[PDB]
């Protein structure tokens, strides 16, 4: 069973499907309207047929259903009907920051600062629940028509959670196992501070329209990160960005996770604590988009 609180009913009983927004491996996403309230929602639809593995989708719903924070996309339930699973969430009309910057070009430093503050608020909340997003990037940061910011797409987090559960189930007898082996099996080998690194990369992505080393073979990038002399990336254009932005990048991209600042600590950084960071900055961006 995918989730103990699934609605075993047709989502079209409650929603009018307005537009297919896209589709791919993850399934399809629709813009729909609540037939009673008139509110807009996003519906993510995925095939869910007998003997399919439910574990990843199970974990994705578990994450969404236990979040109640402005900067995490709101969850309105899931429907299982005729072997299709529909996950219902708050609608963000502008899509992702990647959808946006592919049209607008690079964001301003103030726009990036506001985005980073809102993402850090969401991350601090997730981490206080002992959740890890694990896929912070422009494509997974959504913007609604009011210029508000919501973290979404917990698919990678759910995949990891499901793999972690499978490796507990088949770990075997533990009595000869080294503690570090047990720790990797139960906890994964890293912690929530990976999200802070990913936010730093995302800030560069919003500034430059690509993450660092985007044109290097992915396996080479992985290898380079494991060398003892690996150097964190930087913003390319030194004069375009303030010292505060360069420092935000420096500290979020701290190589050692033992020394990398937490989300709460980062919320005190000059870049995201400065005045004038509000949704008007992103409404400006959406006006440029149109």
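Just so we're on the same page, rigid core means the largest C-alpha set that superposes within 1.5 Å between forms. Residue numbers count along the first chain shown, from 1.
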- Higher-deviation stretch (C-alpha RMS, rigid core fit) in 5 other deposited structures of this protein, choosing from 245-253 and 58-66: 58-66
- Task: On a core superposition, give the stretch, 135-143 or 78-86, with the larger average C-alpha separation from this form in 5 other deposited structures of this protein (RMS over structures and residues).
- Result: 78-86
- Between 197-205 and 157-165, point out the one with the higher average CA B-factor as the PDB entry records it. 157-165
- Message: Can you tell me whether 185-193 has a higher mean C-alpha B factor than 147-155 in this record, or the other way round?
- Response: 185-193
- Message: So if I compare the CA B-factors in the entry for 260, 33, 238, 69, which one is the largest?
- Response: 33
- Task: In terms of CA temperature factor as recorded, identify the highest of 137, 76, 133, 217.
- Result: 217
- Message: What third of the chain does residue 171 rank in for C-alpha temperature factor, lowest, middle or highest?
- Response: highest
- Item | Relative C-alpha B-factor of residue 226, binned into the chain's lowest, middle or highest third | highest
- Name the third of the chain's ranked CA B-factors that contains residue 37, choosing lowest, middle or highest. highest
- Task: Would you mind checking where the Cα B-factor of residue 83 ranks among the modelled residues of its chain, as the lowest, middle or highest third?
- Result: highest
- Note on the structure: residue 268: CA temperature factor from the record, placed by chain third, in the middle
